[PDB]
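Read the single chain below, which is given as structure tokens and is the form deposited in one PDB entry.
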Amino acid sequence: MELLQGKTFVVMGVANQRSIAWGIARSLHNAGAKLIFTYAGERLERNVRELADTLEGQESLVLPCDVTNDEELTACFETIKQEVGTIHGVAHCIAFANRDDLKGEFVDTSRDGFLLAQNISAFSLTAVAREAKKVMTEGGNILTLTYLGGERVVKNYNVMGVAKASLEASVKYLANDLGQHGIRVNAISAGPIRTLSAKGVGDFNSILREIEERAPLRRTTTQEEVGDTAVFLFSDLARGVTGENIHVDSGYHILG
């Protein structure tokens, strides 16, 4: 509860209280971290500011950052650098795909939808790392969130599965790049969690019940389980760990 004392992290991707990013924010806060939040656009600004305010302590900086927009991304981290001076990591909790691509067969994925999913769900990690690198003057960790669907075929995940494969490969190439600067890059592969974006995946309740039935720990995962693993990865306990993908999924990933 003082593992992250004296450290500041940027948390990207809070949309509401069910967001995995908000679970991460709570765990980081509870471990003593100061937090900077970024939100996608005006629609979500008050949700994020209100949640940030429920944390006790100094008021958290809350900034707009649409990761499809290089100008805004650059400006966002320039502001951060000037206002706080040093950060020790970034939690990248961002993905998007068109729902029409998610519903159809994968072979019917639109070109524009494929590239949009790649842009937001995979390339944005690299765009973010490029700007974050400048502010992580003492090193630290960059974290992203992935899903089993990026490693193997899971139903109704389709275009997002292929985007997560890009993301997981990006984690490795970024780790190899940034390690010499003392920056680690890792992923958490979370099991299914009911979030705002989970509605894009078909019959989510069958999926949850399947986890309960078959996963080794016989229960579904929580935002807090993901956040507590994020606490480890952002801490000095994980200083030897980079380019890794830790499954926080009740062991489901081992099943064949």
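What we label the rigid core is the largest C-alpha set whose atoms superpose within 1.5 Å from one form to the other. One-based numbering along the sequence shown.
As for the form deposited in another entry, it is not shown, yet the points below apply to it.
Among the residues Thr229, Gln223, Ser197, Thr220, the single one whose Cα moves by at least 2 Å between this form and the one not shown, once the core is superposed, is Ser197. Note on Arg219 and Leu196: their C-alpha atoms are nearer in that other deposited form, a change of at least 3 Å from this conformation. If you compare C-alpha positions, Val67 and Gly202 are 3 angstroms or more farther apart in that other deposited form than in the form on display.
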